[PDB]
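Given next are the chains, with one letter for each unit.
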Amino acid sequence: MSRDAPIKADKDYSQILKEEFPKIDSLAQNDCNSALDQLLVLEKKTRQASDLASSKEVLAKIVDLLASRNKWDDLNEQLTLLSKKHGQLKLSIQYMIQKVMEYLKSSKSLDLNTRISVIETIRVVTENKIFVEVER
């Protein structure tokens, strides 16, 4: 580490993600299809349990396992996850669209006709504050 701040592992609910990631450093390195059914099961629990201060760290890599092992259909579900409980302003969670635009955008050169089954279904729930404008 280049910074002079000490490596105090303060460990909030993200401690799960810190302790399961080394179990998956063995499994994603050998199969990863079964690693998806471990790391994103945390996201699925953390959103529901209101432990989501952990979710916030899983969800940025949901596009690295879920879109990767051909569960790109569930990247739409992950933009939906946080948006389930409340009809809140989508611009606050449109930040997660960036992951849909990160690797779900191009997963093994993902075909338009396949990706449409993500982008056009999540369009229905995200046109509610449109894609073009921001916090205007």
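Residues numbered from 1 in each chain as written, not as in the entry; some residues may be left out. Heavy atoms only, no water.

Its PDB header names solution NMR as the technique used to obtain the model.

Q: Would you mind going over the overall build of the protein in detail, with residue names and values included?
A: Secondary structure assignment for the protein yields 7 helices and 0 strands. Secondary structure of the protein in N-to-C order comes out as α-α-α-α-α-α-α. Projected onto its principal axes, the C-alpha coordinates of the protein cover approximately 40 × 35 × 35 Å. Taking the intrachain contacts of the protein between residues at least 6 apart in sequence as the baseline, contacts between residues at least 24 apart amount to 59%. Taken as a whole, the protein presents about 9300 Å² of accessible surface, with 48% of it coming from carbon and sulfur. Seen as two clouds, the 22 positive and the 21 negative side-chain charges of the protein have centres 2 Å apart. (Helix = DSSP H or I, 4+ residues; strand = E, 2+ residues; numbered from the N terminus. Contact = heavy atoms within 4.5 Å. Areas by Shrake-Rupley, 256 points an atom, 1.4 Å probe, with all protein chains shown as cover. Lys, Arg positive; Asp, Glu negative; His and termini not counted. Charge placed at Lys NZ, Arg CZ, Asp CG, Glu CD.)

Q: Could you give an account of the layout of surface pockets, with specific residues and numbers?
A: Approximately 220 Å³ is the volume attributed to the largest pocket. Every residue along the wall of the largest pocket is listed here: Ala9, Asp10, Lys11, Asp12, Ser14, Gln15, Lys18, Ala53 and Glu57. Its residues assigned to classes, the lining of the largest pocket comprises 2 nonpolar, 2 polar and 5 charged. (1 Å grid on protein atoms, 1.4 Å probe; cavity = no way out; pocket = protein on both sides within 12 Å on 5 of 7 lines; lining within 4 Å. Points joined across faces, edges and corners; volume = space filled by probe spheres on them. Nonpolar A, V, L, I, M, F, W, Y, C, P; charged D, E, K, R; others polar.)

Q: Which residues make up the pattern of salt bridges, and what values go with them?
A: A complete count under the given rule lists 5 salt bridges for this structure. In this structure, the salt-bridge partner of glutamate 120 is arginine 123, at a minimum N-O distance of 2.9 Å. Of this pair, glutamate 120 and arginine 123 both sit in helix α7 (residues 112-126), separated by 3 residues, roughly a single helical turn. The residue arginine 123 makes a salt bridge to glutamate 127 at a minimum N-O spacing of 2.9 Å. Its relative accessible area of 43% is what places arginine 123 among the partly exposed residues. Overall, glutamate 127 belongs to the partly exposed group, its relative accessible area being 35%. (Salt bridge = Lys/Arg side-chain N within 4 Å of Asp/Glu carboxyl O. Buried < 20%, exposed > 50% of the residue type's maximum accessible area, 1.4 Å probe, protein only.)

Q: Hey, could you go over unusual backbone geometry for me, with residue numbers and the actual values?
A: Even without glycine at this site, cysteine 32 takes up a positive phi of about 60°. Positive phi, normally seen in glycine, also occurs at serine 109, with a value near 60°. Inspection of the secondary structure puts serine 109 in the loop between α6 (97-100) and α7. Overall, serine 109 belongs to the exposed group, its relative accessible area being 61%.

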